[PDB]
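What follows is a set of notes on a single structure, which appears directly below.
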Amino acid sequence: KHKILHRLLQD
Amino acid sequence: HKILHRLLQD
Amino acid sequence: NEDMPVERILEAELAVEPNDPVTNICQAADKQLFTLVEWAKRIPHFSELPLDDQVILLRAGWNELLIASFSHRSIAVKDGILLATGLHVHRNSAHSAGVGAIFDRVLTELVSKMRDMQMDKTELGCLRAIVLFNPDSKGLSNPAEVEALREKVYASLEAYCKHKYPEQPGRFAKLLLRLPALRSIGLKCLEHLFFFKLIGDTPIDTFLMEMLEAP
Amino acid sequence: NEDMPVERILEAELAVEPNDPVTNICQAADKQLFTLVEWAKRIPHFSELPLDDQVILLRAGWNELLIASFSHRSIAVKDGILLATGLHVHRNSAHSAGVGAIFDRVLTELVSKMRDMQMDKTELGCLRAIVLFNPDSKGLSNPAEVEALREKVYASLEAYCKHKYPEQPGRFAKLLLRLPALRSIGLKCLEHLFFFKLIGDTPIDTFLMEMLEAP
Ligand SMILES: C[Si]1(C)C[Si](C)(C)c2cc(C3(c4ccc(C(=O)O)cc4)OCCO3)ccc21
Ligand SMILES: C[Si]1(C)C[Si](C)(C)c2cc(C3(c4ccc(C(=O)O)cc4)OCCO3)ccc21
């Protein structure tokens with residue numbers, strides 16, 4: 001479920 | 001494109 | 001609005017006012033290619049272009065041009081499209097034929113949006129006219145000439161918008177922003193037709209076949 | 001300029017300011033995806049959208065958003081593009097790699113038309129913000145708020161163009177009318193990327209690979 005994009009959208 | 005040329009001319 | 005009158009574009013729109021579901025839609029698509037030529041001629045200064053550029057523009061635009069025409073025709077219908085052949089095609093007929101995804105996109109991105117802003121027949125004409133004068137079209141003898149004509153259409157459109165809809169300041173830009181939807185749907189629409197031709201279990205008429213052949 | 005100030009969108013643009021040609025462009029693409037998130041975050045009201053909606057908007061727009069970026073960055077160079085890595089990719093270098101057709105489409109339709117009209121960074125950001133706030137995106141929980149945020153951007157953009165360039169009344173429409181081309185180029189660019197992955201002849205880094213995998 002696309003990890004990297006979510007992690008970067010936090011901070 | 002036979003038909004197009006014929007249709008655009010007249 | 002004296003070099004590109006919105007009244008004449010509207011006259012061009014009014015002049016052409018019209019068992020497998022995929023087969024029916026294709027038959028209409030062919031019928032509509034003939035009358036698309038008649039429409040294009042009645043658009044100011046199109047006929048004045050060299051014959052070779054008239055061809056290039058129509059080969060590049062027939063998809064988006066035709067899609068825009070039937071979308072606007074289908075605002076009155078509830079969950080499908082009004083084909084020019086008189087038949088009403090419901091989204092379930094479409095889905096049960098395997099083309100449900102692209103059909104829904106037309107309903108959502110185009111028809112719905114046209115209904116919700118009550119896009120009139122003059123605005124349709126202008127948007128279609130903008131699409132027709134596509135300066136990016138490869139092969140065009142004089143691209144700047146086409147570029148110039150595009151500018152006259154949208155200038156006349158903004159003048160129409162600011163005039164006959166003074167309460168809605170963002171309408172002109174709202175109109176122009178259905179064009180990437182139109183373009184995106186146009187290409188996926190073309191991708192399907194090529195496949196129908198490739199597999200060859202859908203009768204395709206001569207003019208539709210001619211538009212579907214490599215430049 | 002109230003809810004969508006052009007100064008904040010410009011600040012986002014200025015805050016992100018930076019052997020096998022296909023390998024190099026791909027390295028640069030993965031690189032830029034990271035800094036694209038940082039850009040999106042700095043766009044007014046984007047960060048306030050739910051996380052799942054934010055994901056959809058980037059997954060749908062990344063191609064167009066990044067393509068507009070490297071194009072405007074390239075108005076300076078004569079026949080090619082300046083990659084964010086610092087390398088330059090010339091027309092001939094791209095042609096020799098069998099991606100000449102699309103590279104040419106970028107050059108003539110975007111870079112040139114950007115250069116011709118001397119599109120500024122504010123106008124660049126606004127168009128990119130309009131692309132980002134795409135209410136047609138499938139899955140959007142609240143598409144009306146994304147629809148309203150787009151209207152906020154293009155109301156600001158027109159205001160800016162009337163203010164900054166009163167001499168050219170058709171400039172606002174001119175900017176919006178590069179978006180169908182940007183859309184078209186974006187999709188064809190996506191295709192190529194899928195093919196490189198499918199064949200696997202080309203190294204594709206983790207972020208790029210992630211954006212290329214089904215929803
Ligand atoms: C893949 Si499809 C079976 C799903 Si579809 C998005 C509904 C569609 C539309 C087309 C059409 C077209 C044009 C005009 C009419 C008309 O009746 O006026 C109807 C269809 O647009 C582009 C070319 O021809 C052709 C095929 C398909
Ligand atoms: C098929 Si291609 C080898 C020919 Si192409 C149209 C030049 C291109 C552009 C992309 C890129 C991209 C490129 C460069 C940057 C950068 O700023 O450095 C950012 C993104 O755009 C969409 C996604 O990634 C990727 C691949 C290819």
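Please note that chains go A, B, ... in the order of the structure tokens, that every chain numbers its residues from 1, and that ligands are numbered from 1 in the order shown.
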For residue 10 of chain C, find every residue with an atom within 9 Å (counting only C-alpha atoms), except residues of its own chain fewer than 4 positions away, and show them as a tab-separated table (two decimals) with N, CA and C atoms, in the first residue's frame.
chain	number	residue	atom	x	y	z
C	5	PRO	N	-16.88	35.54	-34.53
C	5	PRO	CA	-18.16	35.74	-33.84
C	5	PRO	C	-18.67	34.45	-33.20
C	6	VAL	N	-19.12	34.56	-31.95
C	6	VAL	CA	-19.72	33.43	-31.23
C	6	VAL	C	-21.06	33.01	-31.85
C	14	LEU	N	-25.74	24.37	-34.42
C	14	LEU	CA	-27.16	24.16	-34.72
C	14	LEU	C	-27.38	23.50	-36.08
C	15	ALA	N	-26.48	23.75	-37.02
C	15	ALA	CA	-26.57	23.17	-38.37
C	15	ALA	C	-26.40	21.65	-38.38
C	121	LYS	N	-24.96	25.85	-25.59
C	121	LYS	CA	-24.53	25.38	-26.91
C	121	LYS	C	-23.46	26.26	-27.57
C	122	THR	N	-23.42	27.53	-27.18
C	122	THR	CA	-22.37	28.46	-27.63
C	122	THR	C	-21.02	28.13	-26.99
C	123	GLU	N	-21.02	27.86	-25.69
C	123	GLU	CA	-19.81	27.48	-24.96
C	123	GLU	C	-19.23	26.16	-25.48
C	124	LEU	N	-20.11	25.19	-25.73
C	124	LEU	CA	-19.72	23.93	-26.35
C	124	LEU	C	-19.00	24.20	-27.67
C	125	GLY	N	-19.68	24.93	-28.56
C	125	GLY	CA	-19.12	25.30	-29.85
C	125	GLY	C	-17.72	25.87	-29.75
C	126	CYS	N	-17.56	26.87	-28.88
C	126	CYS	CA	-16.26	27.51	-28.68
C	126	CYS	C	-15.20	26.53	-28.20
Tell me, as a ChimeraX atom specification, which residues lie within 10 Å of residue 49 of chain D, counting only C-alpha atoms; anything in the same chain fewer than 3 positions away does not count.
/D:45-46,52-55,141-142,145-146
Polymer residues at most 9 Å from segment 178-185 of chain D, only C-alpha atoms, same-chain spacing of 6 or more positions, as a short mmCIF file (atom, residue, chain, number, x, y, z; two decimals) with N, CA and C atoms, in the first residue's frame:
data_model
loop_
_atom_site.label_atom_id
_atom_site.label_comp_id
_atom_site.auth_asym_id
_atom_site.auth_seq_id
_atom_site.Cartn_x
_atom_site.Cartn_y
_atom_site.Cartn_z
N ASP C 136 -0.59 22.38 -31.78
CA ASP C 136 0.41 21.35 -31.46
C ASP C 136 0.42 20.21 -32.47
N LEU C 177 -11.02 24.14 -18.37
CA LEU C 177 -10.44 23.08 -17.55
C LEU C 177 -11.16 21.73 -17.68
N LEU C 179 -10.90 20.49 -20.67
CA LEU C 179 -10.11 20.07 -21.83
C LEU C 179 -9.03 19.02 -21.52
N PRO C 180 -8.42 19.05 -20.32
CA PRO C 180 -7.52 17.94 -20.00
C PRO C 180 -8.29 16.63 -19.73
N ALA C 181 -9.50 16.75 -19.19
CA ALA C 181 -10.41 15.61 -19.06
C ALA C 181 -10.76 15.08 -20.45
N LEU C 182 -11.16 15.99 -21.34
CA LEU C 182 -11.48 15.67 -22.73
C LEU C 182 -10.32 14.98 -23.45
N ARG C 183 -9.11 15.51 -23.27
CA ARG C 183 -7.92 14.96 -23.91
C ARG C 183 -7.57 13.58 -23.35
N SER C 184 -7.70 13.42 -22.03
CA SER C 184 -7.35 12.16 -21.37
C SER C 184 -8.33 11.06 -21.76
N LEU C 187 -7.82 9.95 -25.56
CA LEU C 187 -6.75 9.01 -25.83
C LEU C 187 -7.10 7.58 -25.43
N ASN D 63 3.45 12.74 -12.71
CA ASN D 63 4.01 12.88 -14.05
C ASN D 63 3.90 14.31 -14.56
N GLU D 64 2.67 14.81 -14.67
CA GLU D 64 2.41 16.18 -15.11
C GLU D 64 3.17 17.21 -14.27
N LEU D 65 3.13 17.05 -12.95
CA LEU D 65 3.77 17.98 -12.03
C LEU D 65 5.27 18.09 -12.23
N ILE D 67 6.92 16.98 -14.99
CA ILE D 67 7.17 17.35 -16.39
C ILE D 67 7.15 18.88 -16.57
N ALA D 68 6.17 19.54 -15.96
CA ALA D 68 6.09 21.00 -15.98
C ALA D 68 7.32 21.64 -15.32
N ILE D 102 8.84 11.41 -27.89
CA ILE D 102 8.27 12.04 -26.70
C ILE D 102 9.10 13.24 -26.23
N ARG D 105 8.20 16.06 -28.22
CA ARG D 105 6.89 16.56 -27.82
C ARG D 105 6.98 17.51 -26.63
N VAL D 106 7.87 17.19 -25.69
CA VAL D 106 8.14 18.06 -24.55
C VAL D 106 8.71 19.38 -25.03
N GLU D 109 6.13 21.52 -27.48
CA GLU D 109 4.84 21.84 -26.87
C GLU D 109 4.92 22.53 -25.51
N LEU D 110 5.95 22.22 -24.73
CA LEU D 110 6.08 22.81 -23.40
C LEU D 110 7.20 23.83 -23.34
N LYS D 113 6.91 26.79 -25.79
CA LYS D 113 5.75 27.63 -25.53
C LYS D 113 5.85 28.34 -24.17
N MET D 114 6.56 27.71 -23.24
CA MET D 114 6.93 28.39 -22.01
C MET D 114 7.88 29.54 -22.34
N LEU D 127 -0.15 26.82 -12.15
CA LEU D 127 -0.52 25.74 -13.06
C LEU D 127 -0.29 24.38 -12.40
N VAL D 131 -2.99 21.55 -11.33
CA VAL D 131 -2.82 20.13 -11.65
C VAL D 131 -2.95 19.27 -10.39
#
Using DSSP secondary structure from the backbone, list all helix (DSSP H, G or I) positions within segment 41-188 of chain D, as a VMD selection string.
chain D and resid 41 51 to 72 91 to 95 100 to 117 121 to 132 143 to 164 171 to 176 179 to 188
Which residues in segment 63-209 of chain C does DSSP call strand (DSSP E or B)? List them as a list in words.
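Of segment 63-209 of chain C, the ones in strand (DSSP E or B) are residues 80, 81, 82, 88, 89 and 90 of chain C.
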Within 7 Å of chain A, which residues belong to chain D? Use only C-alpha atoms and report them as a PyMOL selection string.
chain D and resi 37+207+210
